[PDB]
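Trainee: As they sit in the full assembly, here are the leading chains:
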Amino acid sequence: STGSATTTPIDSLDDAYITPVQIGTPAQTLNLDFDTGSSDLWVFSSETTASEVXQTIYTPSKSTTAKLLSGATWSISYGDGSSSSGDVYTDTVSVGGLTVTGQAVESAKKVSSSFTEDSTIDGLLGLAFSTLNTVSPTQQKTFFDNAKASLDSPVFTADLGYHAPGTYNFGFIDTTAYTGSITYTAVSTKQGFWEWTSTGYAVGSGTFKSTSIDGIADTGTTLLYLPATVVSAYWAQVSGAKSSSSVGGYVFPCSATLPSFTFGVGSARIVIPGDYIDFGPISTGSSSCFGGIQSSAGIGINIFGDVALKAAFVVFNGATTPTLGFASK
């Protein structure tokens, strides 16, 4: 089997992307954030405290296929400070036409304020390795891990758009969605993520520096977080750019024509256009814009988030020894 679903930016800045997900019988359609940096599928629900709901909710008592997982609970927190917790059902879940039975659906009793405030996101669908799932006493498998027995190839691909719709595919590689060839590189699962080592970088039309960059491919992170020395080398080529303590990163004049940024995948090169690195005005009408490349020092790991991934066609190869592929597009 395969699935193919359209993923759409939630707002004018590409802060996150939502993808429809059908849960239960009859299907209840919720818009979820597909996240290669976590491993829980959780939703707003009829159990969620009423004052914390503003979203479409899952009602397990209206789904004939829902089963309570007796004794199971979950509790999760994320790098941006958000969190949620609750109890666990198994139910039928479909993405882009691909159906999994017995998927753990984590029903929120409570959600944090950032989730209440974001009317566009009805929950998360995690796509990292299942060792990161938060259900106790026994951890639950991701939608991808449950799908692998049935998929045509144990792979999924991410094709995110720049201020435009894009696609998540499960089980196949669309050879019309990219240019040149895919180059694959080794993955380490020792921390539960799609973790790999880039071979180096170049800024604009300058020289490629061979320096190993260990990082994670994360569709649920907005920006590109890289080592401080690398990020400094980039913004040195933007004459108005400066680090802003109060705003929380590099800012620059919206009128600038930004240089591209190139990263290494083995001997191959992925070029991020300068326009993608303009994240947008700090407020509507401002003359100052927020940078899309920021230092990873405060997070403690490098993160190839949406700014990087939306410049590439990205293959998440979930074979027993996993690998990660990138192509230009």
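Mentor: That came through fine. Residues are numbered from 1 along each chain as shown, chains lettered A, B, ... in the order given.

Trainee: any idea how far residue A:132 lies from residue A:323?
Mentor: The spacing between residue A:132 and residue A:323, counted by Cβ to Cβ, to the nearest Å, is 19 Å. Where you see a C-beta, it was placed from the backbone N, CA and C, and this is true even at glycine.

Trainee: How about the contacts made by residue A:125?
Mentor: Residues near residue A:125 by Cβ atoms under 8 Å, 6 or more residues apart in numbering: A:19, A:21, A:32-35, A:41, A:95, A:143.

Trainee: between the residues you listed, which has the most around it?
Mentor: Neighbour counts for those, by other Cβ atoms under 10 Å, peak at residue A:41, which reaches 28 neighbours.

Trainee: Looking at strand pairing, list the partners for that residue.
Mentor: Assessed by DSSP bridges, residue A:41 has beta-bridge partners residue A:125.

Trainee: In strands, which of the contacts of residue A:125 appear?
Mentor: Of the contacts of residue A:125, the ones assigned to strands by DSSP state E are A:19, A:21, A:32-35, A:41, A:95.

Trainee: could you dump these to CSV with distance to residue A:244?
Mentor: Formatted as CSV, the ones in strands among the contacts of residue A:125 follow (distance: Cβ to Cβ, whole Å):
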residue, distance to residue A:244
A:19, 33
A:21, 37
A:32, 33
A:33, 27
A:34, 31
A:35, 28
A:41, 37
A:95, 39
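
Trainee: From the residues you listed, pick the one nearest residue A:231.
Mentor: Nearest to residue A:231 out of the ones in strands among the contacts of residue A:125 is residue A:35 (Cβ to Cβ; 23.6 Å).

Trainee: any chance of the contacts of residue A:125 in JSON lines, plus distance to residue A:230?
Mentor: Formatted as JSON lines, the contacts of residue A:125 follow (distance: Cβ to Cβ, whole Å):
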{"residue": "A:19", "distance to residue A:230": "31"}
{"residue": "A:21", "distance to residue A:230": "36"}
{"residue": "A:32", "distance to residue A:230": "32"}
{"residue": "A:33", "distance to residue A:230": "27"}
{"residue": "A:34", "distance to residue A:230": "27"}
{"residue": "A:35", "distance to residue A:230": "25"}
{"residue": "A:41", "distance to residue A:230": "34"}
{"residue": "A:95", "distance to residue A:230": "35"}
{"residue": "A:143", "distance to residue A:230": "34"}
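
Trainee: Out of the ones in strands among the contacts of residue A:125, the closest to residue A:123 would be?
Mentor: residue A:32 (5.1 Å).

Trainee: Surely the closest one touches residue A:121?
Mentor: Yes - using Cβ atoms under 8 Å, residue A:32 makes contact with residue A:121 at a distance of 7.4 Å.

Trainee: next one is chain B, place it on the structure:
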Amino acid sequence: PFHXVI
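Mentor: That brings us to chain B, laid onto the chains above:
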């Protein structure tokens, strides 16, 4: 901006 698990 978003940053998805700890």
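
Trainee: now with chain B: the contacts of residue A:125?
Mentor: Applying Cβ atoms under 8 Å, 6 or more residues apart in numbering or on different chains to residue A:125 gives the contacts A:19, A:21, A:32-35, A:41, A:95, A:143.

Trainee: next one: residue A:270
Mentor: With contacts defined as Cβ under 8 Å, 6+ apart, the neighbours of residue A:270 are A:262-263, A:308, A:311-312, A:326, A:328.

Trainee: Repeat the analysis, applying 10 Å as the threshold.
Mentor: A:183, A:198, A:201, A:261-264, A:304, A:308-309, A:311-314, A:326-329 (Cβ atoms under 10 Å, 6 or more residues apart in numbering or on different chains).

Trainee: And the residue of the stretch 151-300 of chain A found nearest chain B, its phi and psi?
Mentor: Relative to chain B, the nearest point of the stretch 151-300 of chain A is residue A:220 (1.1 Å; Cβ to the nearest Cβ). Backbone torsions of residue A:220, given as degrees, to the nearest 10, read phi -90, psi 10.

Trainee: Please tell me how far residue A:181 sits from residue A:157.
Mentor: Computed as Cβ to Cβ, the residue A:181 to residue A:157 distance reads 15 Å.

Trainee: Just the buried ones from the contacts of residue A:270?
Mentor: Buried members of the contacts of residue A:270, scored by 16 or more other Cβ atoms under 10 Å in any protein chain shown, are A:183, A:198, A:201, A:261-264, A:304, A:308-309, A:311-314, A:326-328.

Trainee: ok, back up a step: more crowded one of residue A:181 and residue A:157?
Mentor: Per other Cβ atoms under 10 Å in any protein chain shown, whichever of residue A:181 and residue A:157 has more neighbours is residue A:157, with 23 against 11.

Trainee: what sits against that one?
Mentor: By Cβ under 10 Å, 6+ apart, the contact set of residue A:157 is A:4, A:167-174, A:177-178, A:182, A:313-317, A:325, A:327.

Trainee: Pairing partners for the closest residue to residue A:209 other than its chain neighbours in the sheet, please.
Mentor: Among residues not flanking residue A:209 along the chain, residue A:200 sits closest, at 5.0 Å (Cβ to Cβ, 6 or more residues apart in numbering or on different chains). For residue A:200, the beta-bridge partners under DSSP bridges are residue A:210.

Trainee: Test my guess that residue A:200 contacts residue A:261.
Mentor: No - between residue A:200 and residue A:261 there is no contact under Cβ atoms under 10 Å: 11.9 Å.

Trainee: if we can go back for a sec, distance of the residue nearest to residue A:209 relative to residue A:292?
Mentor: Counting by Cβ to Cβ, the gap from residue A:200 to residue A:292 is 20 Å.

Trainee: If you count surrounding residues, which of the two has more?
Mentor: Neighbours per residue (other Cβ under 10 Å) separate residue A:200 from residue A:292, with residue A:292 holding more: 28 against 16.
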